[PDB]
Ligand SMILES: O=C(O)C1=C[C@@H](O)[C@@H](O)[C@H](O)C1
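The form deposited without this ligand is given below as one chain in structure tokens.
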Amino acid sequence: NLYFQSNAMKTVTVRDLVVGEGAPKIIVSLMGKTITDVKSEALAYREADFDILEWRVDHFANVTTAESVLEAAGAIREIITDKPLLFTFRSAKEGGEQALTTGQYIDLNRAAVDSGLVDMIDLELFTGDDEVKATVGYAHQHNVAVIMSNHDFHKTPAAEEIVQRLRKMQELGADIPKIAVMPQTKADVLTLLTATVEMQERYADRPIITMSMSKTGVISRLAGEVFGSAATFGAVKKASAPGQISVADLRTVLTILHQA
């Protein structure tokens, strides 16, 4: 599992994929309740064009059973063999389907890191600073990269607050700070982009991932190359968050912008 990190070039390289270089990378979210459902979805996703596979563990029914989680991850790794695998338990208040105690959520990520089956984990910043910092270090001890994340599905904080949150993620050791916000106005989309630019140019020594959700915020999913967001989420069969477009349409736009 070794991944690379170049602070000077602001890149994170996982499975030969250079996040932070060139056109933004496409992340898709795989959801399945049972082990066989995860296999089925992995076989379907193997036919799609994406760069990073995110397993949304909060959609899995047996999330507190260690052996079941490990079996599902192994199944994905056996089907999708050449793309980085990102392990994400999204909490209900951050956009997901389930909620765990802080301890259960650490056990779960701990076990994912230990297995060697996943290349990256997602850690929610709000989990708690001590908890998060320790877990980041642990992931790094095992050659697992961390996407640190924060999501607001109702509003867009001020740009200064968005920047500060991305700076803290970096301070806590996130390899890739990530923030998703919801616009209530057209200007809010621009606020998210402003924060992206400011963070990326003034403070980051690594890639960042940002997005303004809903149809109104779609542009933020497409303009990463210019504004400084290193990856973007697309939909394979169904959108996992408001505003995602199909992977095919997303790749089309990213390519056009890259070659403009």
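Between two forms, the rigid core is the largest collection of C-alphas that superpose within 1.5 Å. One rule holds for the numbers: they count along the sequence shown, beginning at 1.
> After superposing on the rigid core, which of 168-176 and 97-105 has its C-alpha atoms sitting farther from this form in 5 other deposited structures of this protein?
Between 168-176 and 97-105, the one lying farther away in 5 other deposited structures of this protein is 97-105.
> Quick one: core-superposed, which stretch strays further from the shown model in 5 other deposited structures of this protein, 227-235 or 29-37? Go by RMS C-alpha distance.
The stretch that sits farther from the shown form in 5 other deposited structures of this protein is 29-37.
> Would you mind comparing 104-112 and 162-170 for me and telling me which has the higher average C-alpha temperature factor in the entry?
Here the higher of the two C-alpha B-factor means belongs to 104-112.
> Please compare 43-51 with 201-209 and name the stretch with the higher mean C-alpha B-factor in the deposited structure.
So the stretch with the higher mean C-alpha B-factor is 43-51.
> Highest recorded C-alpha temperature factor, please, choosing from 179, 147, 79, 187.
That would be 79, according to the entry.
> Among 124, 175, 119, 129, where is the Cα temperature factor highest, going by the PDB entry?
Largest recorded C-alpha B-factor: 129.
> Which third, lowest, middle or highest, does the CA B-factor of residue 14 fall in along this chain?
CA B-factor rank for residue 14: highest third.
> Taking the C-alpha B-factors as the PDB entry records them, is residue 68 in the lowest, middle or highest third of its chain?
Residue 68: CA B-factor falls in the highest third of its chain.
> Among the chain's modelled residues, which third holds the C-alpha B-factor of residue 246?
For residue 246, whose C-alpha B-factor we compare with every modelled residue in the chain, the answer is the middle third.
> Sorting the chain's modelled residues by C-alpha B-factor, tell me whether residue 8 ends up in the lowest, middle or highest third.
Its C-alpha B-factor, which the entry lists for residue 8, ranks in the highest third among residues of this chain.
> Within this chain's modelled residues, let me know which third the CA B factor of residue 256 belongs to: lowest, middle or highest.
Ranked within chain, residue 256 CA B lands in the middle tercile.
One more form of this protein exists, namely the form deposited with this ligand bound; it is left out here, but the text below deals with it.
> Classify residue 229 as contacting or not contacting this ligand in the deposited complex by the rule of any non-hydrogen atom within 4.5 angstroms, answering yes or no.
No, no contact at 4.5 Å.
> Residue 211: heavy atom within 4.5 Å of this ligand in the deposited complex?
Within the cut-off, so yes.
> Whether residue 29 contacts this ligand in the deposited complex should be assessed with a 4.5 Å heavy atom distance threshold; does it?
Yes.
> Is residue 56 one of the residues lying within 4.5 Å of this ligand in the deposited complex, judged by heavy atom distances?
Taking the distances in the deposited complex, the answer for residue 56 is yes, it comes within 4.5 Å of this ligand.
> Determine which one of 32-40, 48-56, 191-199, 64-72 lies within 4.5 Å of this ligand in the deposited complex, judging by heavy atom distances; exactly one does.
One stretch meets the cut-off, namely 48-56.
> Kindly indicate whether 151, 178 and 221 are, all three, within 4.5 angstroms of this ligand in the deposited complex, using heavy atoms.
Affirmative, all three are within 4.5 Å.
> Let me know which residues along 221-244 have a heavy atom within 4.5 Å of this ligand in the deposited complex, or say none if there are none.
Contacting residues: 221, 233, 244.
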